[PDB]
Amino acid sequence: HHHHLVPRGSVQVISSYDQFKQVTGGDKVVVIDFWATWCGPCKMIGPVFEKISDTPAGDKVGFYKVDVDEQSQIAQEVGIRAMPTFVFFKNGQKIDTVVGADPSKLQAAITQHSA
């Protein structure tokens, strides 16, 4: 009765190594969900990540996803050891990591890096 939501979030697929370098290369912090089709917990936490992209943090931090099976070069450079893993980048460097389907840890890290 008050308003309808107008979603403004953007979870974007990273489909190449060049794109990966471009989006992780600047001052704007980005967070990447490293996932795979055979990953069970990814299905629990993925929707959470998508909802967080719609929050005002999504205006400050870029939200992306990388399919580890399809993006071996990216996955090997980043050093993925578990799935899902959420990795934060700034200026071409890894600045934080959240392993697994942990919604409170994921939110805490997003809030930390969107200040």
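Residues carry their position along the shown sequence, with the first being 1.
If you average the C-alpha B-factors over 46 to 54 and over 22 to 30, the higher value belongs to 22 to 30. Of the two segments examined, 34 to 42 and 77 to 85, it is 77 to 85 that shows the higher average Cα temperature factor in the deposited entry. The entry lists a Cα temperature factor for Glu70 that places it in the middle third of the chain's modelled residues. Per-chain ranking of the deposited C-alpha B factor places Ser10 in the highest third. Placement of the Cα temperature factor of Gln107 within the chain: lowest third of the modelled residues, per the deposited record.
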